[PDB]
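Take a look at the structure below.
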Amino acid sequence: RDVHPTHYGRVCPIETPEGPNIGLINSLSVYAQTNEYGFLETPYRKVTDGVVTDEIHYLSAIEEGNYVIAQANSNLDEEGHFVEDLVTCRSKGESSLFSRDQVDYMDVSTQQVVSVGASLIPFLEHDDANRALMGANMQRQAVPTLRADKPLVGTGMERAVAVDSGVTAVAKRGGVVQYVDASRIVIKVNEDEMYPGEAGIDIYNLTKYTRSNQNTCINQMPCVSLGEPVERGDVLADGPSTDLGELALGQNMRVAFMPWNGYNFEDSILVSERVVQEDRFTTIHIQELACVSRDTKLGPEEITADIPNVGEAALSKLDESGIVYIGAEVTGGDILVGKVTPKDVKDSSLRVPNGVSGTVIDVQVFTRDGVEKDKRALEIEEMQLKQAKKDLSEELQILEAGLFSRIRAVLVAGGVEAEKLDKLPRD
Amino acid sequence: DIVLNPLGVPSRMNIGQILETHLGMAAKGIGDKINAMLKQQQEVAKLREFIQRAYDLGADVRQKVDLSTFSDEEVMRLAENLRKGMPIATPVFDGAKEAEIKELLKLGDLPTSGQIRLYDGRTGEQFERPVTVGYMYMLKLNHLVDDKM
Amino acid sequence: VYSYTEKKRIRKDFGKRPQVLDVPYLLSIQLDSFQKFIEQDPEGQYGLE
Amino acid sequence: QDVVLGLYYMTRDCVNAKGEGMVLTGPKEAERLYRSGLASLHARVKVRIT
Amino acid sequence: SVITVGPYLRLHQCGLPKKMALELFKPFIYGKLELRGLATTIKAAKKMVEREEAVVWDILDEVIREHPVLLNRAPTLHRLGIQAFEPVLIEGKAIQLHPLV
Amino acid sequence: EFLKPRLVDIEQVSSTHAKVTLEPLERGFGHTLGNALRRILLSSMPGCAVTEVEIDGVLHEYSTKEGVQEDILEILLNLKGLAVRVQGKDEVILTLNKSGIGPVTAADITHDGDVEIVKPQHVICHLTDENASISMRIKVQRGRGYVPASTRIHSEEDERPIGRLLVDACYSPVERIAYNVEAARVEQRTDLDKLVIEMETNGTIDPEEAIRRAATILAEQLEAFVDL
Amino acid sequence: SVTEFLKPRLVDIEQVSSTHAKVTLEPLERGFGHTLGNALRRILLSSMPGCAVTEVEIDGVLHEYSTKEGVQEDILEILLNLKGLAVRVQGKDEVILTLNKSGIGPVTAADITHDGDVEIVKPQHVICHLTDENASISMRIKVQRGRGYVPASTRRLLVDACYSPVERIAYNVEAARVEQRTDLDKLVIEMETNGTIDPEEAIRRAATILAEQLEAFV
Amino acid sequence: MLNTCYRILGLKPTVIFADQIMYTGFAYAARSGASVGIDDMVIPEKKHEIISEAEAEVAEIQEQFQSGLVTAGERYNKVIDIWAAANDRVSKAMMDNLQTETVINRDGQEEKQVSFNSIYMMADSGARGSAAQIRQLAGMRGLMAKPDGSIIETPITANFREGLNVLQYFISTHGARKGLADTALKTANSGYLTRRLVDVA
């Protein structure tokens, strides 16, 4: 788990998972490259004629030891000539104020040594290291918010990181948002980017309120207006914790560092109850609860609305198929999914868990291959089909628009009365 | 909104919190002057001058932008985004200088030290010393109490 | 040339030293590995080839 | 820490403080004077100590 | 439950999650209510507990009076690491704790 | 011989922010009075707020509608930013019908006179499609302070309608408070004070009326202490 | 109702002593209990009016700090004792109090050659300790009406105008549970009067003064 | 005082005094209305001059070693010594400026007094923090050792608030990781030791 001078600007220098894996796991540095063999060909400004040529020497460890590279923070003239003679240069793994002549390549970037969360550190130089690593791990341990706030103080890469995130919507091609809707967003891709068969209409169905690996929220909520012209690759829909094109994690709170009658010491959290009433840090949990109609020996696990020794009120949230209605208010212990086993029948009702009460968000009934689907599942399929037919008919509408437009243009060129053409239906 | 025991400062030696609070206060004040001109419905030229000088604040900063190039409609949209405050960038080993924070607070019309004489509301009396108070972004972990219960 | 999303927000960058090199696309390693895994390479140096 | 902090603060003394060299009969007197702000908490004053 | 820094409580006082408190003396509560005569059926006692009655809440306040119960904070290094305190119900789910403890 | 300073003037800084000065005031008594009044006004200022959400055809509150710019949860998030001075009401089911492509505003709330939308300029929603339309029933209720609706959830033991979405009520519309203790000029006695109390609200009540109600509450509390 | 605020339920005034006692008030409006506590604290701190021996024309006094002969006290200590001298008077705004005493022994507050218009809280309270039999005590003290605890330097041996007739006072905010509600606050008030006023009477008086100040906004 | 209370006041009176003291300390601290300012980190005035003198000494030593007058090991030891001495002088000047504050008398005569410098306060108070931490934050991080423990004779003349040299930051990173890993390792054995003792008893 030790750190070697060989790792100088090589890998994640502060990033380290805790626990038994302490030191067992590292991560890639920011701006160092990789040799075909898997060695750190760390980019470095080839200091050509002492001037740090734009030539980026993606340098390996032996080459690193084989070259004298000065610090990226070193002051140099406009011509790239170092201001000082004894330039602080990392030479053969030994960094020292080496002569201006001694310089071989130049360090690529200040963040090159740093990793991602490492480059995210604000004013890290004026700070210490241990709590830095702690907050670094915490940044991984951060939970998703409900409303986003750009960290007012930036290190720059936050927008870059968000771009790297990709959970948000980016422009496949450039254009203006042709049709903006809550679920389906159509962007008029410019003809320049439009391929010959391509419509030039960009559709991006945004993510919205999805359960994560931690059963956490996922919403790539829209972040643009209809018809707004944009360049290809531009961010479109505000992803979960992705806002204003920047990695949105913190909530810039005006605070003071002073104790308050023992309510604040030992890192106690002093909180304005207004924020609570404002719910400035509220959240949601979407824990998937799946019920399986297991084919059991005396008959399959009969997930059905008919449950003996049960009350009708307990069946309120469940649909006529026993399906907890989309959004149905459930209770801890309540019978969310009427299921049965043979006794005649032993009620196997997949009740919503004790202490689990709330709105029944969705019911993904995946019947076994060879097992029919309920009207609820049929309806879910119908809704998916409606959405798919909507997108498909949008594409086909653009296509038929082009076709009928060409037809009408040919008709006008052929003297067919555009007045009578317009008066007649398009068909 | 929040308050912290200043004891852990020399303990954790993480003066980055102090820098963060000071910069947050300065930038909040700058964006506050901006939003004041906005509520004042001042000249888009005047608002432009303020916003530009703010972006133009700093010396030898790698970034250089011109709001004149930004359309007047674009200037308006940019200010509208910047209504809540003035977001700034300061990369690792490229953070703002102390004098830079001082200038930002000056444009923020905020105290130079960042320590304010905020009277305690419960006490009903002025704080005995100027209290370092400022804006900073915090985070909450997936360590919900409901899980711990 | 200035991006529309970049003109939309200009954070007052305190960065003084030139950003000589562009930030690398972070997805480099995983993408490269998957590509080397997926392709049918005539060289037969890596991948199923 | 915090308790020790307040302890030192009360223990902290000032020269030329808010009303140096006064007489407080007892804890009630000084409690009034400082609680009313008539004197700084860090003021050196003679008081009848029973 | 997560330990909370109950700076208000006395050395003997303990900050007991009132919901967790309810989870605790539930049989003791049922006994109190039968002693209060209001509880005629244990199932009814469970329901009134489920009713979370103010009468139930008041009876809980009564039962809590000087009825300290064991408490422990890991790790078991010194025998002082586990101690009970006079438990006073605190509305919620946090373990408010005395300062010097 | 305690001279009771009266409500000198109310110079409305804005519709929701105003200036109130008090004078002539006893030495130091003004400071205590200001702190107390600030706390009181912030405490239980009676007010009104949208409480329950009823929109036709919405099942889960975590949902969205086609042609609606935002989601139902986001719809409530926007609805939280409402300020109005309602008259003679305690629980009103408001209406806001908007249609066609465009943003629904506070004026777009289908409104009767019983509620005076303090800032009708405020934006309600944004129907993004010409085929898109909005119409919903908004339960606006009176109250005071900031009360989470989840508390009301168990209170309404009767099953709320599927979509009878509840919203927390910060019925107290005070925005901010401040108090400048200045010296009132009254003859030669320098101890007279001109306390300048700065009040920011949501604009749903006048500074003077709020001050009077607050004084009423303060004396009502003080009844026992006087009974000492 | 909406404006319906929780009026406190009279708990007790723990009459710890004649001048020191504890006041219990519960329930109390959340923080409005605390607000009222701070308010009454400030009031009693400053609004307590009363007489006060300000300028004592003690015979042969030339130095503010000196050692008295034949009396166990210093002149500065005697000035502090004169400020301490507490009494319940009536009808005079300013009074010059005469103290006729002599002989070996402690001068109590009864040793003042005083008229009947003022009732000494503790005539026993040792005015001094006249050590010598040959020692004779002669002094006039300007018992003057006032309010609060004005310093002597805020102003004939000047003495601090501690016309505030309260030795000390304290307040504590506790929490109360109302049936199922539990966020309610509880007000505990500790008062150390100067004895010349009864505790509950003083509390009523301060509340009346505050309300009278508050009338013009009612 | 608490010990004297346990002695004389025995148990219960001591406990009562303690609870009162706790409440009083919280109250007096809240009213103490003091915070910590980034400006409070007064870097030593002649810290640069000290660094320059240390550089001159190192230059002479390197000249002698290059001249052969100093052994390479002798050079390393002498450089480590010079750096440590400079760090000591820097921390000394830092604390000297810190703990003391000049004040005009009640007669207006200016006079040094125990500084209310919040850092120097918390130091003289000692409620938390180390004078070493003072040297790290506003004095000098001093000469660190190589991760092997070999005294890396380069002294980190900068201060924590003053900002970290990238080289210095990396240098300190080694020792930091060493400490973290050491704690991680030591988290184990005491449990086995105690289990053995208990099973014995």
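Naming works like this for the structure tokens: A, B, ... for the chains as they're shown, residue 1 at the start of each chain, ligands 1 onward in shown order.
For region 54-158 of chain F, backbone-based DSSP labels the following residues as helix (DSSP H, G or I): residues 72, 73, 74, 75, 76, 77, 78, 79, 149, 150, 151, 152, 153, 154 and 155 of chain F.
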Within 7 Å of chain H: each chain B residue with its shortest pair, only C-alpha atoms, as CSV:
residue,atom,partner,partner_atom,distance
B:6,CA,H:35,CA,6.0
B:7,CA,H:128,CA,6.6
B:10,CA,H:129,CA,5.4
B:11,CA,H:129,CA,5.4
B:15,CA,H:161,CA,6.2
B:18,CA,H:38,CA,5.8
B:19,CA,H:38,CA,6.9
B:113,CA,H:39,CA,6.3
B:115,CA,H:37,CA,6.7
B:127,CA,H:33,CA,4.3
B:128,CA,H:33,CA,4.3
B:129,CA,H:34,CA,4.8
B:130,CA,H:34,CA,6.7
B:131,CA,H:35,CA,5.0
B:132,CA,H:37,CA,5.7
Backbone-only DSSP, strand (DSSP E or B) members of region 49-103 of chain A, as an MDAnalysis selection string: chainID A and resid 51:56 59 68:70 76 82 86:91 94:99
Interface, chain F side, toward chain G (8 Å; only C-alpha atoms) as a ChimeraX atom specification: /F:2-7,29,32-33,35-36,39-40,43-44,46,143-144,211-213,215-217,219-222,224-228
Non-local contacts of region 5-15 of chain D (8 Å; only C-alpha atoms; under 3 positions in same chain excluded) as number ranges by chain: D: 1-2, 20, 41-44; H: 24-30, 32, 103, 105-106, 113, 122, 125, 127
Go ahead and dump the residues you just picked, C-alpha atoms, as a short mmCIF file (atom, residue, chain, number, x, y, z; two decimals), in the first residue's frame.
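In the end it all went to result-v5.cif:
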data_model
loop_
_atom_site.label_atom_id
_atom_site.label_comp_id
_atom_site.auth_asym_id
_atom_site.auth_seq_id
_atom_site.Cartn_x
_atom_site.Cartn_y
_atom_site.Cartn_z
CA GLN D 1 -12.61 21.83 23.65
CA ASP D 2 -15.76 23.94 23.64
CA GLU D 20 -11.09 48.16 34.76
CA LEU D 41 -16.07 39.81 30.57
CA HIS D 42 -12.26 40.06 30.33
CA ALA D 43 -12.11 42.96 32.79
CA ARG D 44 -9.91 42.72 35.88
CA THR H 24 -21.52 27.31 31.86
CA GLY H 25 -18.71 26.48 29.47
CA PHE H 26 -21.09 26.01 26.56
CA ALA H 27 -22.81 29.30 27.38
CA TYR H 28 -19.62 31.32 27.85
CA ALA H 29 -18.17 29.86 24.66
CA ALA H 30 -21.26 30.77 22.65
CA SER H 32 -17.43 34.38 23.48
CA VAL H 103 -2.21 47.12 23.82
CA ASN H 105 -2.87 50.98 28.60
CA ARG H 106 -5.76 52.50 30.48
CA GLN H 113 -0.42 41.45 26.26
CA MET H 122 -6.77 28.39 21.05
CA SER H 125 -5.95 27.93 25.63
CA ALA H 127 -8.42 23.46 23.77
#
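Taking CA of residue 226 (chain A) and CA of residue 69 (chain F) as the two end points, the separation is 10.3 Å.
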Nearest-residue call for chain D, choices G:135, G:184, G:152, G:118, using only C-alpha atoms: G:152
